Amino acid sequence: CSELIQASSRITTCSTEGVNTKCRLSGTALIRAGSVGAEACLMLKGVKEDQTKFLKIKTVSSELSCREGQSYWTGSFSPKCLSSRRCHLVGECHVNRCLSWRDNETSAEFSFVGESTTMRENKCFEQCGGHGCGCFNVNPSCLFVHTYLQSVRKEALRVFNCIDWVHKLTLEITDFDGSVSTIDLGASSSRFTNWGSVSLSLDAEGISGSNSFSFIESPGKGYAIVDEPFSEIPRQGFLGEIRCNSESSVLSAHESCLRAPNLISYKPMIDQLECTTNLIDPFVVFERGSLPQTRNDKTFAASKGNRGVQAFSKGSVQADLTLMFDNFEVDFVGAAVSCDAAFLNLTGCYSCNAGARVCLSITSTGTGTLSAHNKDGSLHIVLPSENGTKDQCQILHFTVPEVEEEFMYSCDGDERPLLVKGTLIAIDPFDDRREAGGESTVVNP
């Protein structure tokens, strides 16, 4: 039992017309959701008849469903190139030709390159002429290049943002006979029950904080968070500098894909050539932000079977529920009971978005809520208690490798100490760029 009640009243509702007005006297209880696992135990008494009725209302979960917005596919790409050098006055290497080369025109040096539907480009670099470089003509020679992209892996990744976060509070309700039911509530919503009604009257749940983020789906392999804003168009140095509208087009490096300017770099070396890319590896990004991840005590994880991502509040929930009881009002509420907590472990890293996981062993005799805090109240642990002994865990963020933090916890208001002690690893500054490519295939030596 939890002490969740905020107000208790009697209210008459009148079906105004249909010429014959009907009134219903309802007992009213304004209660707080409190936290996941918190349970209001309400003994009701008949307003009119001498009758009693015991009700239990439990906050089971608080979820925000991500309704997706813009979306694209991407993957790991690598350049492959063909090269050929012609001396001045040989082949296409005349007057303006080399300096005038366009991206979309394939050189005659590569007449075997047929019809392509792959991301590709063509280049011509002026190299040295004269006897010193194997030519009779002393004017600049021409290095012709043809380059296409290819998928390193045969898997792709879909990046998307979230436009809507649709709240759903779920409650478990125990009736007088002990029969259990669940209900779902949206913002400003009401459900009817056997004994009256329950309504989410004030809702303060949402994504709040100071960081923009986005998500990645790996088909059949889960989701990942990206701790950066969703890039709307392809930009060099960002996730999605190459992007497509389908998984298959990533794998084939189809030409319908978009890419930011100048992603392919060229190192002319007379008769040798290197074409390289220094692109963001989206799979490295995925492995870091791999779900579940917790940010501002929202835990983002894969939905039941749904797919798509939800944000779970596994601790405190900020919502007011209005309870109306047909012809019954509050007689008394059930008092909270004390719990015993022991420290189990602290695992993870410091100065990182993923944070650290602290685990507790919590022993009690009734359902309720453990609340804990450090001295200055910068850390806050909120975990469920039950009849028996269960292990509960939540994410915390620290900025120090050697953690030794004293907390004060209780389920019933009498605080006792508890020392959280652990060793966290550092995560050194990283780069997601990966070099790809190398020597070209020389066509005519």
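Heads up: residue numbers just count along the shown sequence, starting at 1.
> Between 20-28 and 431-439, which has the larger average Cα B-factor in the PDB entry?
Replying inline: The entry gives the higher C-alpha B-factor average to 20-28.
>> Comparing average C-alpha B factors as deposited, tell me which of 161-169 and 120-128 sits higher.
In response: According to the entry, 120-128 carries the higher average C-alpha B-factor.
> Considering only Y148, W73, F192, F144, which residue's Cα atom bears the greatest B-factor as recorded?
Replying inline: The record points to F192.
>> Checking the record values for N245, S83, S210, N306, which has the greatest CA B factor?
In response: Most elevated C-alpha B-factor of the set, per the entry: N306.
>> Split into thirds by Cα B-factor across the chain's modelled residues, where does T399 land: lowest, middle or highest?
In response: Lowest third - that is where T399 ends up once the chain's C-alpha B-factors are sorted.
>> What third of the chain does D203 rank in for C-alpha temperature factor, lowest, middle or highest?
In response: Middle third, going by the recorded CA B-factors of the chain.
>> Using only modelled residues of the chain, where does the Cα B factor of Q51 rank: lowest third, middle third or highest third?
In response: Highest third, going by the recorded CA B-factors of the chain.
> So where's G413 on the chain's Cα temperature factor ranking, which third?
Replying inline: Highest third, going by the recorded CA B-factors of the chain.
> Split the chain's modelled residues into thirds by Cα B-factor; is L323 in the lowest, middle or highest one?
Replying inline: Answer is lowest: the recorded C-alpha B-factor places it there.
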